[PDB]
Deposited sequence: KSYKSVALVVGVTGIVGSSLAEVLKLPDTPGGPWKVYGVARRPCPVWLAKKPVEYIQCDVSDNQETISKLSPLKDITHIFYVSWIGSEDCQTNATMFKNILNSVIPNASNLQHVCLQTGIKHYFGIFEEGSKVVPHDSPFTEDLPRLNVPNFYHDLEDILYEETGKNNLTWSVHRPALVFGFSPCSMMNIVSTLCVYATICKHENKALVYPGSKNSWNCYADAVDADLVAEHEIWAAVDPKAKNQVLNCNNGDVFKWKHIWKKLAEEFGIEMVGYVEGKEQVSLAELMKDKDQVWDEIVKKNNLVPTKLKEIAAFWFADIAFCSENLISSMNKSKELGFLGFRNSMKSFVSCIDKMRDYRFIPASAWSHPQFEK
């Protein structure tokens, strides 16, 4: 007997994996929560030791989704925290439609759908941005951003079925999942771990501007708390909401912290030196990674899975992307984190869980 029943679509992801932890805490709003977690891969080892009912399901395949999710009649809240690995508006849209079409007719006590998008809503796509600080009310850019498609489906389907909705636009996520397609902290920890292995310094590859500019981020657990808040507090219902840690930082200070955490020398940004691609620097390091994995008895991960060096490249030529938390705060959500501390905490947790070497 449970109070609430969550479907977490993307349970292996950087946010879904936090939700799987946060939803099972005793103090969590709306608890006690039962948790169904969906992902495409077979349940990895680390997740089998969690109290989540894992449903292995390719949610881009409609018949499969119907057969796997239509029996789930007790669901009360959906948390869509997934995307396919690309910016295809059509294929991302299919996943979300298949979730709703499979669950809405079958779960008579469904109440709410949380959709997670992101701050790209304000400045465009990875394939003429608004100025910042970004606020929720800013109109859509004239670009094929799959976030637009997902919102439209969200509004259409919740409205005709008398369900409430929320849209969450997190900033860059600080999290611990080694299964994510965009995990900045594990990406940078892997780079550091490789530098250390090869007796090299932690050399910063990015732009001058990304070194020196203000940046913001969100801890995965805070995103989970923010999503859980919008799912249970009537004041938050049917709102588009940004989600960040509530402060700002600079990569320059994070880089120092990173070097210290791995006990290696740092080479910061060098005046006049231009961005180099971390993707290229790490192009054929997969066997090095495989060695470090076996050597340290880590959870086995492939280099391309734990790390997204392409994504660090983007973070390191980005600037002026700060988002505002005023709306959420004026609605009464006062969750926050110290971003420097959240970063270190992600490092610790990935060591703790044995995704990366201790010490």
Parts of the chain sequence, as deposited, that carry no C-alpha coordinates in this structure: 1, 129 to 133, 366 to 374
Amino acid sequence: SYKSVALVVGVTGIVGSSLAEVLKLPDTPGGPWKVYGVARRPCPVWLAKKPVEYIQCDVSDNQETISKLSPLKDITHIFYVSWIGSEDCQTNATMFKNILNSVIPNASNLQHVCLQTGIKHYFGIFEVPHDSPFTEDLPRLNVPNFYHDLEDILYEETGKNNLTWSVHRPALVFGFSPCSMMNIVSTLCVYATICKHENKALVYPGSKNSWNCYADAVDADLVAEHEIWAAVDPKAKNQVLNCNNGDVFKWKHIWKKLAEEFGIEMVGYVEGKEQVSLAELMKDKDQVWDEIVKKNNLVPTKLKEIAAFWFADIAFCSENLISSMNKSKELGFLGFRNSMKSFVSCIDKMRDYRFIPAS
From here on, numbers count along this sequence of modelled residues.
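Under this definition, the rigid core comprises the largest set of C-alpha atoms superposing within 1.5 Å between the forms.
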Farther-lying stretch by C-alpha RMS in 4 other deposited structures of this protein, rigid core as reference, of 307 to 315 and 54 to 62: 307 to 315
Outlying stretch relative to shown form, 89 to 97 versus 282 to 290 in 4 other deposited structures of this protein, C-alpha RMS (core): 282 to 290
245 to 253 versus 155 to 163 - which carries the larger mean C-alpha B factor in the record: 155 to 163
Which of 71 to 79 and 198 to 206 has higher mean CA B factor, as the PDB entry lists it: 198 to 206
Identity of residue with top Cα B-factor, from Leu150, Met266, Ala217, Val185: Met266
Residue with maximal Cα B-factor (values as given in the PDB entry) among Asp221, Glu227, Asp284, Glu136: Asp284
Third of the chain's Cα B-factor distribution that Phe126 belongs to, per the entry: highest
CA B-factor ranking of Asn320, expressed as a third of its chain: lowest
Chain-wide C-alpha B factor ranking for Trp289, given as lowest, middle or highest third: highest
Chain third (lowest, middle, highest) by recorded CA B-factor, residue given as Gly118: lowest
Chain third (lowest, middle, highest) by recorded CA B-factor, residue given as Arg41: middle
